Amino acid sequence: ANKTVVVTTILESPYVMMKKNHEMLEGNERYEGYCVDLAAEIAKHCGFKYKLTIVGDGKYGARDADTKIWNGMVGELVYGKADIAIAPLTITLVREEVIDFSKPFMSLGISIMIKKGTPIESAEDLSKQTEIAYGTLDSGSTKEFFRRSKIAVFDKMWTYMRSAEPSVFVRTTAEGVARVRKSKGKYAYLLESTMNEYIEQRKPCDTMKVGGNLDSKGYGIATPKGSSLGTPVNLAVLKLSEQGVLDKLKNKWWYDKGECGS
């Protein structure tokens, strides 16, 4: 018999956010955003009931080198705590080895956020100077990209970042953004282009994304390996793409009510 599907996700604007009047509400109704709408669409097209839950440890999914335990949403999937993850979860080799990803539902790449006026146009620009500090989230796919890169510029950047004092790493998107905004052009933040483009359209309208992306990848919906949900979820993602629903949802949550003009 069908059993209610436990969705693991995480608060990250505009993917999942607490409604302002969330306290008056209950269950799935508490939340709003791109991934909330997407979960509704997937569930509709797969014929399942579901429960949105916020990941306990606030993490996306990494493996501890010593203990080999997976944390975050990937962890919830691997250890049987959740049946599906619907979040801006980057498709990576290390994650795909232990869970299944759908086809991607959104494209992104690592990108550069600056406070307007910062004299930086590219990663190379960043790598060749020291006056403007720059960094990434303290863990996640961006940091791993830098840690593992053999590309000259990116190698030089990682070498700088891992040793910079005080730390150039941040714990949350909100923190990286606040640091850009409050550092008077002396901090640039390396983050996924999706969040970058989102932030650029929000007041106080004092940041921007500069240069091309450093890589090209996607977010995927994740299921435990061998789940019966894998195939229908994947097909649902293809369908939503082809029906224009993914485009409509990204417009809805990024641009339709952009706050920095046209």
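Throughout, we count residues from 1 along the sequence that is shown.
J.: For the higher mean C-alpha B factor in the entry, choose 146-154 or 85-93.
T.: Mean C-alpha B-factor is greater for 146-154.
J.: For the C-alpha atoms alone, is the average B factor greater in 125-133 or in 185-193, going by the entry?
T.: The deposited B-factors put 125-133 ahead on the C-alpha mean.
J.: Out of 209, 59, 49, 217, whose C-alpha atom has the biggest B factor in the entry?
T.: Comparing C-alpha B-factors across 209, 59, 49, 217, the top value belongs to 49.
J.: Tell me, please, which of 200, 32, 66, 41 has the highest C-alpha B factor according to the deposited entry?
T.: Max CA B-factor in the entry, restricted to 200, 32, 66, 41: 66.
J.: How does the C-alpha B factor of residue 75 compare with the rest of the chain: lowest, middle or highest third?
T.: Its C-alpha B-factor, which the entry lists for residue 75, ranks in the middle third among residues of this chain.
J.: Lowest, middle or highest third of the chain for the C-alpha temperature factor of residue 243?
T.: Its C-alpha B-factor belongs to the middle third of this chain's values.
J.: Just say lowest, middle or highest third for the CA B-factor of residue 176 relative to the other modelled residues in its chain.
T.: Middle third - that is where residue 176 ends up once the chain's C-alpha B-factors are sorted.
J.: Using only modelled residues of the chain, where does the Cα B factor of residue 16 rank: lowest third, middle third or highest third?
T.: It falls in the bottom third of the chain.
J.: Among the chain's modelled residues, which third holds the C-alpha B-factor of residue 110?
T.: Tercile = lowest for this residue's CA B-factor.
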